Amino acid sequence: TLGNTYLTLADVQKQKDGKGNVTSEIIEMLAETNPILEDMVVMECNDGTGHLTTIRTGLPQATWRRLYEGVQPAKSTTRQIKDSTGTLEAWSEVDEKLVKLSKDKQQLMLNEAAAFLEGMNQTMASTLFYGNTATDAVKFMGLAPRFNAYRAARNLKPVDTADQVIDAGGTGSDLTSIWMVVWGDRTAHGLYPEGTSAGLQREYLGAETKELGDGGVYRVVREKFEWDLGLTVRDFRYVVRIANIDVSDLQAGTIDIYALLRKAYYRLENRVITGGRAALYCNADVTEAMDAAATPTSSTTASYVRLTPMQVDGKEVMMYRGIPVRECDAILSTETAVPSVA
Amino acid sequence: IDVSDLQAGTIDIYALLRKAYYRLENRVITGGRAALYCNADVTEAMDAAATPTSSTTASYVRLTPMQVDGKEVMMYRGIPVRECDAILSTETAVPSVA
Amino acid sequence: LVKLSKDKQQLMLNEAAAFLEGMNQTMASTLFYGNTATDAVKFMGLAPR
Amino acid sequence: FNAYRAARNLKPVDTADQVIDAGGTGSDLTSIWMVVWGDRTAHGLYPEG
Amino acid sequence: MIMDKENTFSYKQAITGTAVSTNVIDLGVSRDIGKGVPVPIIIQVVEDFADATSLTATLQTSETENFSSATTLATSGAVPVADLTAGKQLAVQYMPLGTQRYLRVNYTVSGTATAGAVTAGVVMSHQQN
Amino acid sequence: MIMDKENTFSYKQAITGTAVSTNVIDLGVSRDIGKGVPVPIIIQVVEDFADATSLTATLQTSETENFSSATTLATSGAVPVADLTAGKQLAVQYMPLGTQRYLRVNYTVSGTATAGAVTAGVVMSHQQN
Amino acid sequence: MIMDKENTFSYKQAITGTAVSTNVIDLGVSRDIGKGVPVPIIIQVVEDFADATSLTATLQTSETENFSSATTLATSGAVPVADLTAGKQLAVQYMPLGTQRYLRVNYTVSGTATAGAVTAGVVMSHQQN
């Protein structure tokens, strides 16, 4: 059965022009843009078991000393958390005659390499935004698994991460989220283990000699594609996400974006002091709606913004509150409910 | 100040801030140095009323493009606003007097 | 124990910073609710008046 | 493009996923266009020779 | 011909009874591969048929591993056994249009057969005369 | 988080009953792996449990391939079906002392569990929340 | 090795009968020691034992001062009497996970021993033969 595993002959026929030469210009039509992996800071773990974060969980609150009293000495407690890196790689397996009869090798390698690069980038962004290693044991913890719980009330100071998520009333499979990460030496950053290298590493293995279980030695060619990284959210005061954003709304005038964004901005307890570069990543539905509520035309019972000629259409959504708004396609408009912590 | 109803905008803040500034009848005859303190909820609502997007139920602040962002609040007619986390968000309700 | 930390200064600085923060938090929070009526060992605050 | 996705899905870009409809259903209908005129966008093929 | 292993429906399969193909070519994405540059296919009968009567040779396509509901893209009709010799093609030259998700070949036979085989599958270039 | 194939006592292993581990590890000479620099281990539970009552996470070791003679090194008690969710470790983060020759994991359950999975095995770098 | 008298669950405590360790630690808040740098401890038998059948050194924990709630974090199993000699570590060489405010170390023995002493607490290093 199958027919989907290796690069069959039909695909090679499809990847060439009518003149009989392999196509140099391939329409992707499935590439995505994800600058999270571009603006992210990453450095080698360069340590033992893993990257280490030290969190304080106790204060030596002073005592109202009466005169002739012995104040009991106090200690400051600390809590430690470590985060690990993850590794994935993908391989290309093609018959050598599949190459030779295509009259062109380097072109076929270029096409397959570009496709593999795009695939890995998309996969990596998807796992960064959703690394639910709770049920994986690989695919290092991303961002959604850490904040996949919100607390409705009592969200005064960041006692847990359930105070870093804002309900928006959504329901159904049309929910989404907005992340506002801060990349910095202490805020949060990417991570790769020592000895390896940053970014995607690709290796051309040349002609192989694929040996079959039942005595078969047909000759194949392979390319290596390797890229590993890990995350470390040192502070849950540096990441705030909005849950239950129902896309049945947000296209009509039912949920105001800037209301939730300001609510979250003030939930970001560590923008009062510069820790590092900030960002607010969206899914291009949020940005569409944001330009729909920042340059309003015939909007529904709202939008105190008052327009002028030459400014009736809209300009851009580049910066939220000085935070650059980088548009990341990895985010999905289906995320399932993030529940309310009781 | 009911934070649950402070987020909804039902309780005005700039009106009651005007009342309090008026209630403090001394600084307009000089004195020392004044300062205003507010928990995250109070300042947040004041920044909201400063730059409304869907505060709804009427408002008279009008914004232009490139201005819907919302700048942080810094003064109240010359009274620096200081972010004092000491003010809690659950305390006694100063029961009805007289 | 301080000598075994191999620094003897960073640990002490950490503990001092924690103690400073604790003290500042305590009087800052009792600067606004330090009711002698509820506990007659601390100076009168701003709310009880 | 003479078919629009009624309940649009976010980015499964299909020919029916690039048409926005609003009203019409009469005899006053018309459309607006957005064509990118570039080499690997869209262009005019004159037959070989 | 340089017909290869993977995208091949059946290799010398007897289908003497009323059987179906074995290697169901499955594609995760509905490419509908026939468009544009063609792809040659064969359902050429590879060894003669003895006592069959009809060999309806559908090219059923469906949307599930098991063809719960299938769609026909090429049917040879009730070809009488008098023509089921070697080289008797049973469908069009190149790939048809409409290959939605999955592809398996049916071999409805009127009555049973004591001999018969086929080599249906994709070919790089046809062989003619 | 980095893991291996050999240094892996289980991989989403079903515990639908009083099952035991699958990939029993060997170490050549008997040796003691708990000595010296610590070696991590993850007994994280995957595929949240449904109907169990207690999951015994014994960490039996032996000197023979068949665990005729076993030496308990750690345990987690009768952890209820409640909790036992994803990301729930159930033993010591590192390898305890007394690793005779081989190692395996026991999964005694007081009843029947209609779901549940484990990923017992050595991990290059433990993942702390 | 260094011993940290402040964290010392027992110091040459006698093990006749079943009871709990002398010192019940209190880490201020509900912090978990387990996650982070490996904090080493040794529940090691310091003096040999007697006719008692078996020992079951356990590491209970609870948020409350008194351990009205039983939450096991580790267990030595049912260690035999024959191997219960001096310098034999009994339980997890490092902190398990889930350490709540208070940590006791239960000493359940099958019957009663006419001898036997055990020390338990954090250290700065080990011996490991």
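Counting starts from 1 on each chain and follows the sequence as written, independent of the entry's numbering; residues without coordinates are not shown. Just so you know, chain letters begin at A and ligand numbers begin at 1, following the order they were written in. These chains belong to a larger assembly; all numbers given describe just the chains displayed. Excluded from the side-chain calculation are hydrogens and water; included are all heavy atoms of the structure.

The deposited coordinates derive from cryo-EM, with the record listing a resolution of 3.5 Å.

Undergrad: What is the right way to read the interface of chain B and chain A from this model?
TA: The contact definition used throughout considers only heavy atoms, calling two residues in contact when any of these lie within 4.5 Å. Across the contact, 24 residues belong to chain B and 18 residues belong to chain A. Accessible area that two parts lose when put together, with a 1.4 Å probe and added across both, is what the buried area reports. Between chain B and chain A, the buried area comes to about 1800 Å², and carbon and sulfur atoms account for 54% of it. By the criterion of area lost to chain A, the three top residues of chain B are B:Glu44, B:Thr53 and B:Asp69, representing 32% of everything that side buries. One speaks of a salt bridge when a side-chain nitrogen belonging to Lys or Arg is within 4 Å of a carboxyl oxygen belonging to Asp or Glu. Remark: the boundary between chain B and chain A carries 1 salt bridge. Measuring nitrogen to oxygen at the nearest pair gives 3.5 Å for the salt bridge that ties A:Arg321 to B:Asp47. Any pair of nitrogen or oxygen atoms within 3.5 Å is treated as a polar contact; in protein, a donor-acceptor pairing is required on top of that, and neighbouring residues in sequence qualify only through side-chain atoms on both sides. In this structure, the connection of chain B to chain A is made through 7 residue pairs in polar contact. Polarity classes work like this: nonpolar for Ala, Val, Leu, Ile, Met, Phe, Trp, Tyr, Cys and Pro, charged for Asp, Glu, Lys and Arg, and polar for all others, with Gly in that last group. Its residues placed into classes, the side of chain B that touches chain A shows 9 nonpolar, 10 polar and 5 charged.

Undergrad: For this particular structure, what's the right way to read the packing of helix α5 (residues 257-267) of chain A against helix α3 (residues 40-50) of chain B?
TA: Helix-helix packing: each pair is described by the crossing angle between the helix axes and the interaxial distance. Axis angles are defined between N-to-C directions and span 0 to 180 degrees, where every axis is a line fitted to C-alpha atoms and, for a helix, only to the segment in contact. We count a stretch as a helix when DSSP gives it H or I for four or more residues in a row; a strand needs E for two or more, and each element gets its number in order from the N terminus. With their axes 11 Å apart at the nearest point, α5(A) and α3(B) run at an angle of 145° to one another. Where α5(A) crosses over α3(B), the handedness of that crossing is right-handed. Contacts between α5(A) and α3(B) involve A:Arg262, A:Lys263 and A:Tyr266 from the first element and B:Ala40, B:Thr43, B:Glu44, B:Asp47 and B:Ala48 from the second. Considering only residue class, the contact of α5(A) with α3(B) consists of 3 nonpolar, 1 polar and 4 charged. A crossing counts as left-handed when the near helix is turned anticlockwise from the far one by less than a right angle, and as right-handed when that turn is clockwise.

Undergrad: Even after reading the chapter, I still don't get unusual backbone geometry, so can you show me in this structure?
TA: Across residues other than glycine, the phi torsion is negative in most instances, and most of the peptide bonds are trans. Of note, A:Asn46 is a non-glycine position whose phi angle comes to about 50°, a positive value. Checked against the element boundaries, A:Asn46 lands in the loop between β1 (42-44) and β2 (51-56). With phi around 60°, B:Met66 is a residue other than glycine that occupies positive phi space.

Undergrad: Which parts of the structure should I look at to understand the side chain of E:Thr61?
TA: Residue and element names in this part refer to chain E. With respect to the secondary-structure elements, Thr61 resides in strand β4 (residues 61-62). Per-residue accessibility, obtained with a 1.4 Å probe over protein chains only, is compared with the maximum for each type, and a residue is labelled buried under 20%, exposed over 50%, and partly exposed between these values. By relative accessible area, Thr61 is classed as buried at 0%. For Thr61, the side chain forms a polar contact with the main-chain oxygen of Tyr102, separated by 2.3 Å. Residues contacting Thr61, with those up to four places away along its chain left out, are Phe67, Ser69, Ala70, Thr71, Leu73, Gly98, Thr99, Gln100, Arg101, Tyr102 and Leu103.

Undergrad: Hey, could you run me through the pairing of β2(A) in this one?
TA: Two faces, one strand: in a regular strand the side chains alternate between the faces of the sheet. Residues and elements named next belong to chain A. Because side chains alternate across β2, one face comprises the buried residues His51, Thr53 and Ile55, and the other comprises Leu52, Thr54 and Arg56, none of which is buried. Strands are treated as partners if at least two bridges between them are detected by DSSP. Where β2 and strand β3 (residues 78-83) come together, 6 bridges link them in antiparallel fashion. Looking across to β3, one finds that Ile55 is bridged to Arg79.

Undergrad: Explain α5(A) to me, please; I cannot follow it from the model alone.
TA: An α-helical turn contains 3.6 residues, so any two residues separated by three or four positions project in the same direction. Most of α5(A) sits out of view: 10 of its 11 residues are buried. Within the sequence span of α5(A), burial applies to A:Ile257, A:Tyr258, A:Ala259, A:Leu260, A:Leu261, A:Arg262, A:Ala264, A:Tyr265, A:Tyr266 and A:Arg267. Tucked inside the fold, the buried residues of α5(A) contact β6 (165-167), β7 (179-180), β12 (240-243) and α6 (286-294) of chain A together with α3 of chain B. Regarding α5(A), its N-cap is A:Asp256, as a side-chain oxygen of that residue lies 2.8 Å from the backbone nitrogen of A:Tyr258 further along.

Undergrad: Honestly, the nonpolar core in this entry has me stumped. Any pointers?
TA: In globular proteins that are soluble, nonpolar side chains generally tend to be buried together. We call a set of buried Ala, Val, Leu, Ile, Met, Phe, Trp, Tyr and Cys residues a nonpolar core when their side-chain atoms join them within 4.5 Å. By size, the foremost hydrophobic cluster in this structure holds 32 residues, and its most contacted members are A:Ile178, A:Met180, A:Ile242, A:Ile257, A:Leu261, A:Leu280 and A:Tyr320. Among the secondary structure elements, those contributing two or more residues to this core are β12, α5 and α6 of chain A. Filtering out sequence-adjacent residues up to four positions away, A:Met180 remains in contact with A:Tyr238, A:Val239, A:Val240, A:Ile242, A:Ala264, A:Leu268, A:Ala279 and A:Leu280. Counting residues in each nonpolar core, the second largest holds 31 residues, with G:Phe9, G:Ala57, G:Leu73 and G:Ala113 among its members.

Undergrad: I keep staring at the packing of aromatic side chains and nothing clicks. Help me out?
TA: Any pair of aromatic rings gets described here by the distance separating the centres and the angle formed by the planes. Only rings of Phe, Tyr and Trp enter the pairing, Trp through its six-membered ring, and a pair is recorded when the two centres are within 6.5 Å. The plane angle decides the type: under 30 degrees is stacked, over 60 is edge-to-face, the rest tilted. A complete count under the given rule lists 13 aromatic pairs over all chains for this structure. An angle of 45° between the planes, with centres 6.3 Å apart, marks the rings of A:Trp183 and A:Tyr281 as tilted. In this pair, A:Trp183 sits in strand β8 (residues 182-183) while A:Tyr281 sits in the loop between β13 (277-278) and α6, placing the two residues 98 residues apart along the sequence. Both residues of the pair, A:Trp183 and A:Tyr281, count as buried. Summarising the aromatic geometry, the rings of F:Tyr94 and G:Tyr94 are spaced 5.6 Å apart at their centres and angled 45° between planes, so their arrangement reads as tilted. Separated into two different chains, F:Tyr94 in the loop between β7 (79-80) and β8 (102-103) and G:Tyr94 in the loop between β8 (88-89) and β9 (102-103) make up a pair that spans both. Accessibility assignment for this pair places F:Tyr94 and G:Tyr94 in one class, buried. Three or more aromatic residues joined by ring pairs make a cluster, and in this case those are A:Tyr258, A:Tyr265, A:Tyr266 and A:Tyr320.

Undergrad: So what exactly am I meant to see when it comes to the sheet that holds strand β11 (residues 117-120) of chain G here?
TA: Two strands in a sheet stick together by hydrogen bonds in their backbones, pointing the same way (parallel) or opposite ways (antiparallel). Residue and element names in this part refer to chain G. What the 4 strands build is an open sheet, ordered β1-β11-β4-β8; its pairing is antiparallel. Both edges of this open sheet fall to β1 (10-14) and β8, since each of them pairs with a single strand only. In this structure, strand β4 (residues 44-47) lies alongside β8, joined through 2 bridges in antiparallel fashion. The residue of β8 that forms the bridge with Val45 is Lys88.

Undergrad: What should I look at first to understand the interface of chain F and chain A in this one?
TA: When the parts come together, some accessible area is lost, and that loss is often what is quoted as the size of the interface. Tallying the contact residues gives 19 residues for chain F and 19 residues for chain A. A combined buried area of about 1500 Å² lies between chain F and chain A, and 50% of that area is made up of carbon and sulfur atoms. Summed over the three residues of chain F that lose the most area to chain A, namely F:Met1, F:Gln127 and F:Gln128, the buried surface amounts to 36% of that side. For the pair chain F and chain A, the interface holds 10 residue pairs in polar contact. Residue composition of the side of chain F that touches chain A, grouped by class: 9 nonpolar, 8 polar and 2 charged.

Undergrad: Could you clarify how one ought to interpret the pattern of salt bridges in this entry?
TA: Between side chains of opposite charge, pairing is possible as soon as their charged atoms come close. Residue and element names in this part refer to chain A. Applying the stated criterion to the full structure yields 21 salt bridges over all chains. Across the salt bridge formed by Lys224 and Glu89, the nearest N and O atoms sit 3.1 Å from each other. Separated by 135 residues along the polypeptide, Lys224 in strand β11 (residues 220-233) and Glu89 in strand β4 (residues 85-95) bring together distant segments of the chain. The closest approach of N and O atoms between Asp136 and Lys139, which form a salt bridge, is 3.4 Å.

Undergrad: Where do I start with α6(A) in this structure?
TA: Residue and element names in this part refer to chain A. Among the residues of α6, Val286, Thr287, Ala289, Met290, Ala293 and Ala294 are the ones counted as buried. Seen from one end, α6 has its buried residues packed into an arc of 160°, which puts them on one side. On the buried face of α6, the contacting elements are α5. Note that the arc is defined by the directions from the helix axis to the C-beta atoms.

Undergrad: Whenever I open this one, the sheet that holds β12(A) confuses me. Can you help?
TA: All names here are of chain A. If you trace the 3 strands from one edge of the open sheet to the other, you get β6-β12-β7, paired in mixed fashion. Each end of this open sheet is capped by a strand with a single partner; those strands are β6 and β7. Where β7 meets β12, 2 bridges bridge the pair, whose relative direction is antiparallel. Within the sheet, the bridge partner assigned to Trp179 lies in β12 and is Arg241.

Undergrad: I keep staring at the packing of α5(A) against α6(A) and nothing clicks. Help me out?
TA: All names here are of chain A. Packing of α5 against α6 brings their axes to within 9 Å, and their N-to-C directions diverge by 110°. Overall, the two elements α5 and α6 adopt an arrangement that is roughly perpendicular. Contacts from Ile257, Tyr258 and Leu261 of α5 reach α6 at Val286, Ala289, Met290 and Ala294. Working rule for angles: under 35 degrees goes down as roughly parallel, over 145 as roughly antiparallel, 65 to 115 as roughly perpendicular, anything else as oblique.

Undergrad: How do you make sense of the arrangement of the chains when you look at a structure like this?
TA: Counting contacts across all 8 pairs of chains that touch, the top pair turns out to be chains A and F. A gap remains between chain C and chain E, with no contact made and the closest C-alpha atoms lying 58 Å from each other. Structurally, chain B and chain F remain out of contact, their C-alpha atoms never closer than 28 Å.

Undergrad: Sorry if this is basic, but what is going on with a nonpolar patch on the surface here?
TA: Residues enter patches when their relative accessible area tops 30% and they take part in no salt bridge; the joining distance is 9 Å for like charges and 5 Å for the nonpolar side chains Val, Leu, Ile, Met, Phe, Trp and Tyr. Note that accessible areas follow from Shrake-Rupley with a 1.4 Å probe, and for residues the cover is restricted to the protein chains shown. On the surface, C:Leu1, C:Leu4, G:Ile2 and G:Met124 cluster together to form a nonpolar patch covering roughly 450 Å² of accessible area. Looking at G:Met124, the relative accessible area reads 49%, which means it is partly exposed.

Undergrad: Explanation requested: the side chain of E:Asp32 in the structure shown.
TA: Residue and element names in this part refer to chain E. Tracing the sequence through the fold places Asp32 in the loop between β1 (25-26) and β2 (41-42). By relative accessible area, which is 16% here, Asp32 ends up buried. A distance of 2.4 Å separates the side chain of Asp32 from the backbone nitrogen of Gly98, its partner in a polar contact. Ignoring any residue separated from it by four or fewer positions in sequence, one finds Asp32 in contact with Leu97, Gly98 and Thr99.

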